[PDB]
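*Asks:* This one's a deposited entry, sequence included:
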Amino acid sequence: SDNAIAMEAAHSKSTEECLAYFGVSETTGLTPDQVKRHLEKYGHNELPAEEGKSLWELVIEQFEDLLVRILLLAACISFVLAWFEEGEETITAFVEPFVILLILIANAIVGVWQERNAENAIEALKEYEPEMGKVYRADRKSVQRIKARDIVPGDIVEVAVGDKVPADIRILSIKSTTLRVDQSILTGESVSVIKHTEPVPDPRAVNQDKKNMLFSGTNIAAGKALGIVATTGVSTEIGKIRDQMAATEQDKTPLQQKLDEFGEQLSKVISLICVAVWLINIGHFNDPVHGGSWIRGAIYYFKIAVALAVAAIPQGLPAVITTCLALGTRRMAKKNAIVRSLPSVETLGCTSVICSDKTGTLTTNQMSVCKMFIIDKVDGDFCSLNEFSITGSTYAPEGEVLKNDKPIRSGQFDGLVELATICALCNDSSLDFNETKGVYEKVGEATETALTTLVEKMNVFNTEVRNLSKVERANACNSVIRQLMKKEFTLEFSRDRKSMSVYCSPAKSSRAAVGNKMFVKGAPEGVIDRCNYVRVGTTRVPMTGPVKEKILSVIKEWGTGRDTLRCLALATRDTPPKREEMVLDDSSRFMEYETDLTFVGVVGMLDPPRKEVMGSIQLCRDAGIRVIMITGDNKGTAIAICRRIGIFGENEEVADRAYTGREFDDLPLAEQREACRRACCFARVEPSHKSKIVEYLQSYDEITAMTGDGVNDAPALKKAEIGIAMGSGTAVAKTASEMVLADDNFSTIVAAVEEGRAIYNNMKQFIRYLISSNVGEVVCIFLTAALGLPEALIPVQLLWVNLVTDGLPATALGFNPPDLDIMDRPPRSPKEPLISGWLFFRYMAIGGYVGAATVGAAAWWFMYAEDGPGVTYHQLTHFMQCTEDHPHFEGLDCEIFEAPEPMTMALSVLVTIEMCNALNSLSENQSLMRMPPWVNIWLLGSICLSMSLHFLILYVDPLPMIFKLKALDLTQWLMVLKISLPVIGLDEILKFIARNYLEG
Ligand SMILES: C/C=C(/C)C(=O)O[C@H]1C(C)=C2[C@H]([C@@H]1OC(=O)CCCCCCC)[C@@](C)(OC(C)=O)C[C@H](OC(=O)CCC)[C@@]1(O)[C@H]2OC(=O)[C@@]1(C)O
Ligand SMILES: CCCCCCCCCCO[C@@H]1O[C@H](CO)[C@@H](O[C@H]2O[C@H](CO)[C@@H](O)[C@H](O)[C@H]2O)[C@H](O)[C@H]1O
Ligand SMILES: CCCCCCCCCCO[C@@H]1O[C@H](CO)[C@@H](O[C@H]2O[C@H](CO)[C@@H](O)[C@H](O)[C@H]2O)[C@H](O)[C@H]1O
Ligand code: NA
């Protein structure tokens, strides 16, 4: 982007001037060529980088280098203070600080990388949830949603309530009665501000004075408007205020709490073992009080404590957790489950209740009129209707009307003529043929578009359509009907009457003798009471009780039937008041205007459930996860749908498991709480009922997933453990949620729960693996110090094992395939400890065997080895007396006790045991005989890499001279194998005990 300013003083220009400056028609929008040129000139609508990645690594490197240099200077001060009179052994005090320096450098490197890895994992979340916007462009007549970064200056953009403003926008037209905007992120204003479209004359006016502009980042609090993009990217008012840092996420995840508890307890245990080593050596309490005995006897305990600290901490664990979470997040996003916060992953597996909206999530929101009836014959008490069916489930105008499964012509019935007239006039929506996809798409609400499609199918006025193109066919019959009745105005919907109407005057064309007419479309509950008459074809009879009961009976049948239809009543005021009589500024009077109606007919439209919903409901059943439907349908239809998708049984009694908002409010408080623990169906629900349901569900210590999309959903989404916003819904709901459904599908919720379970299981696996490895290392150190043996392992090798040798297999355990019963077990408790009970004893045995095996191989080299000396046990424990008391240990050089061969034996045994235990860590209970090792190929590859690196630091000459190791032969490797492989048998015995005797 070269020109970084775009249009200046857009608030000062008028709408005409702003459209003229970019040369765009407001009707069509930008042409593809205009979009290409503007994108090339002004660049994408986005801000560069994160916060400052080009100068961030240097900061952390220099900060940790300062933290290293200060410890170096402190240790130097200590060693220099140990020079005044302490001059006994200055040779041994020369090796310890070198190792400590290496430890500090290594821990600094990993502490930098793990932090950067976590930051990159957090930042990768944003790539999965790209901000979207709605534009009108010349290639399509309907509004199309695109990525906000693809919006360019001059674009015509549409914003509605709950949307996030994608660019700095000059308001062109306010479609709603008022436009209120929340500008708290910019001006810091509290209450929403009112916008207009008049120009603001002051060129240097403040943002609060720019009452005709929409600033990027702000949110539409109320209304709907159209505008033209003035500036994008950095030129945006919010792009100038790039200096803004919100508070961190905080709120420690339960896993982090358990890990920190482990850290504190491990500090205590390190202190306990450091004291226990002194407890073993009681003879040190018989030494003289003066001299240099206590000093040199305390230096040894200030070193073994450091070695034990290296052996005890799983240094590489946080990187493995971060990588597992990042890759699982990418997997979930590949499966349409867009996680907005890493903690939510852990929570996803604990989900005990899923509260889902019906329309759009459990169903496809692809509405279609499939049944309709009008009045046939009325004889006092007898009432007969003309029922019909309609084929075609999409919005395409393809299908026909069927009477008793036989096609008829809709124009024969005057009732159906009026039916179609009402459906065409009480309709703000239309159809647009997408020639690229080659399909018909909706322009407006699914309901009104289904009405439009029905009018196209019916063709009550008999119009030629076989010679029309796909574009001319979409809105042909509706245009025909519009040519006759001229819509004077529209009485908008209102809750108090549950209907809408249009005042229409007939055009002066052989139909002016009809007079003005009001056409009413609404819910039967609201419309039928206001009908005094009933249209019979072209005549009219008075509306009575029996007719009303017949209408209601058929509506009930369709609502509770196999199709679970939502019916719409259609009526018309034949003798409406005059335009001068009616006032339109207050909807409270509209119900009065829509009185003395004539009932014409009823349309039954279906919103089919998604074909995967039943199976996902079953999966939640097997997983012990309750599913509660929340719908706008009536209670009867709601229960019928619950039986259709499997929430309820086809024959079970549900008088206490299905409620309406009013019924739920009529119950006392204790009964409300008690009803939430059993209800699975809520119909006709107020926005506060979601929050109340979440609170009641929390009162039973349940982890609730609650779906939403609108602004009134935001509080509940905030209270719920897993707020789930729809991908097509508002931005306000998305910002208040833990997960977004890219496809708005309930099955995606189920898949997210399953994936969270699997990911937490694999995390448990590699956590227990690494920590049992650390247990084994600590046991090795303590067993060596207790028996007074030489150091079988040095802390450098321990760092290499914890960071490199074991880091690869743990990351690979992150990719373990999920168990076949992952969704046939109850939800995990969030307070579930990772290692306790039988697992404590199991991994304690494992770690004890690890330490015993390492130290025992180190001891085997000194004794029963051809390459090793003929040293016995009584002198190997007294090896420090070799240089002095030589006749007691006469034989070879004393330096043979500082040999690299026993350390190499111990390290090889540790590495082999850790590969074997990684193989054992593929499952918690299943033995290797049942689940083969070749199921997780990444584990095999990681073990190959670990062994290749081991052979590298053993044989490739420059490296074993650094690791203080010596290459081995076939006999020593065979000993390593013989003393390492039985760990598989040990864990196999423990698994057999857990399976065949510890299931309860
Ligand atoms: C790494 C080296 C070991 C020795 C260690 O200190 O870990 C202990 C300790 C801190 C716990 C223990 C370890 O305790 C022992 O192994 C007893 C040692 C006695 C030997 C002396 C006999 C001569 C864990 C390791 O035991 C083994 C047997 O599995 C399990 C678990 O750890 C976890 O669940 C990991 C959580 C991140 C913790 O009980 C944990 O403390 C609690 O806070 C938890 C919940 O952490
Ligand atoms: C003065 C001494 C300092 C200089 C060191 C000389 C270079 C050493 C060669 C090894 O390089 C290391 O290899 C590790 C693994 O191959 C990496 O660990 C990374 O990968 C592990 C597992 O893949 C994770 O557990 C670790 O956290 C993560 O640091 C680590 O980054 C990297 O440097
Ligand atoms: C695209 C446009 C075409 C679609 C229009 C659909 C046509 C239906 C319009 C009906 O108009 C009303 O019809 C009533 C009869 O059905 C008339 O009542 C007349 O007849 C009744 C009995 O038939 C009497 O009870 C009433 O008093 C007397 O007003 C009434 O005046 C008239 O306004
Ligand atoms: Na929430």
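*Replies:* Perfect, I can see it now. Residues are numbered from 1 along each chain as shown. Ligands and ions are numbered 1, 2, ... in the order given.

*Asks:* what sits against residue 474?
*Replies:* Residue 474 makes contact with 397, 430, 431, 432, 433, 440, 456, according to Cβ atoms under 8 Å, 6 or more residues apart in numbering. Just so you know, the C-beta spots here come from the backbone N, C-alpha and C atoms, and that holds for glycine as well.

*Asks:* same thing but 6 Å
*Replies:* Residue 474 makes contact with 431, 433 under the criterion Cβ atoms under 6 Å, 6 or more residues apart in numbering.

*Asks:* List the contacts of stretch 780-788.
*Replies:* Residues beyond stretch 780-788 that count as contacts (Cβ under 6 Å, 6+ apart) turn out to be 273, 277, 280, 304, 307, 308, 311, 792, 851, 854, 855, 877.

*Asks:* Now intersect those with the strands, please.
*Replies:* In strands, judged by DSSP state E, none of those are found.

*Asks:* mind putting those in a markdown table, distance to ligand 4 included?
*Replies:* Shown next, in a markdown table, are the contacts of stretch 780-788 (distance: Cβ to the ion, whole Å):
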| residue | distance to ligand 4 |
| --- | --- |
| 273 | 43 |
| 277 | 50 |
| 280 | 54 |
| 304 | 48 |
| 307 | 45 |
| 308 | 42 |
| 311 | 41 |
| 792 | 51 |
| 851 | 45 |
| 854 | 48 |
| 855 | 51 |
| 877 | 61 |
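
*Asks:* what's the spacing between the spatially closest residue to residue 86 that is not a sequence neighbour and ligand 3?
*Replies:* Nearest residue to residue 86 in three dimensions, chain neighbours excluded: residue 295, at 6.3 Å (Cβ to Cβ, 6 or more residues apart in numbering). When distances are taken as Cβ to the nearest ligand atom, to the nearest Å, residue 295 and ligand 3 turn out to be 108 Å apart.

*Asks:* All further residue positions should be reported with the first residue as 36.
*Replies:* Okay, residue one is now 36; in that scheme the one you just asked about reads as residue 330.

*Asks:* Okay, and residue 330 sits in which element?
*Replies:* Secondary structure from DSSP states H and E places residue 330 in helix 328-334.

*Asks:* how about the residues of the stretch 736-885 of the chain that lie near ligand 2?
*Replies:* On the criterion Cβ under 6 Å from any ligand atom, ligand 2 has as its neighbours in the stretch 736-885 of the chain the residues 838, 839, 842, 843, 846.

*Asks:* Could you find the closest non-adjacent residue to the second one?
*Replies:* Think residue 839. In space, and not counting its chain neighbours, residue 839 is closest to residue 984: 6.2 Å by Cβ to Cβ, 6+ apart.

*Asks:* can you tell me the helix or strand for the one you found?
*Replies:* helix 972-990.

*Asks:* Report all helices and strands that that helix contacts.
*Replies:* Helix 972-990 sits against helix 842-848, with contacts defined as 3 or more Cβ pairs under 6 Å, 6 or more residues apart in numbering; DSSP states H and E.

*Asks:* Kindly recompute the last result at 8 Å.
*Replies:* In terms of contacts (3 or more Cβ pairs under 8 Å, 6 or more residues apart in numbering; DSSP states H and E), helix 972-990 is packed against helix 842-848, helix 935-955, helix 995-998.

*Asks:* and of those, who's closest to ligand 1?
*Replies:* helix 935-955 (12.3 Å; Cβ to the nearest ligand atom).

*Asks:* Whether that closest one contacts ligand 1 - can you check?
*Replies:* No: residues of helix 935-955 contacting ligand 1 under Cβ under 6 Å from any ligand atom: none, with a closest distance of 12.3 Å.

*Asks:* and residue 888, how many neighbours?
*Replies:* Residues within reach of residue 888, counting by other Cβ atoms under 10 Å, total 23.

*Asks:* just residue 72 next, same as before
*Replies:* Burial of residue 72 is recorded as 14 neighbouring residues (other Cβ under 10 Å).

*Asks:* helix, strand or coil for it?
*Replies:* Following DSSP: H, G, I helix; E, B strand; the rest coil, residue 72 is assigned to helix.

*Asks:* contacting residues around it?
*Replies:* For residue 72, no contacting residues are found, by Cβ under 8 Å, 6+ apart.

*Asks:* got the angle for the helix holding residue 984 vs helix 935-955?
*Replies:* Here helix 972-990 points in a direction 180 degrees away from that of helix 935-955 (axes from the mean of the first three to the mean of the last three Cα atoms, to 10 degrees).

*Asks:* Pull the distance from the helix holding residue 330 to the chain's centre.
*Replies:* Once both centres are worked out by Cα atoms, centre = their mean, to the nearest Å, helix 328-334 turns out to sit 57 Å from its chain's centre.

*Asks:* buried ones in it?
*Replies:* Of all the residues in helix 328-334, those buried under the rule 16 or more other Cβ atoms under 10 Å are residue 334.

*Asks:* tell me what it is packed against?
*Replies:* The elements that helix 328-334 packs onto, with contact taken as 3+ Cβ pairs under 8 Å, 6+ apart, do not include any helix or strand.

*Asks:* and that helix, C-alpha only, in PDB?
*Replies:* The C-alpha atoms that make up helix 328-334 are tabulated as PDB, following Å, rounded to 0.1, in the frame of the first residue of the first chain:
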ATOM      1  CA  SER A 328      35.100 -30.400  58.100                       C
ATOM      2  CA  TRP A 329      31.700 -28.700  58.300                       C
ATOM      3  CA  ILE A 330      32.400 -26.500  55.300                       C
ATOM      4  CA  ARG A 331      33.600 -29.200  52.900                       C
ATOM      5  CA  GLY A 332      30.800 -31.500  54.300                       C
ATOM      6  CA  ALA A 333      28.200 -28.800  53.400                       C
ATOM      7  CA  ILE A 334      29.600 -28.200  49.900                       C
END
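
*Asks:* Show me which residues of the chain sit near ligand 3.
*Replies:* Counting by Cβ under 6 Å from any ligand atom, the positions of the chain adjacent to ligand 3 are 452-453, 456, 516, 519-520, 549-550, 570, 573-575, 609.

*Asks:* Give the buried subset of those as a ChimeraX selection command.
*Replies:* Taking 16+ other Cβ under 10 Å as the burial criterion, the selection of buried members of the residues of the chain next to ligand 3 in ChimeraX is written as:
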select :452,453,456,516,519,520,570,609
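
*Asks:* The longest strand anywhere in the chain pairs with which strands?
*Replies:* For the chain, the longest strand by residue count, based on DSSP E, is strand 403-414. Strand 403-414 has these partner strands in its sheet, going by DSSP bridges: strand 417-425 (antiparallel), strand 632-641 (antiparallel).

*Asks:* Thank you, goodbye.
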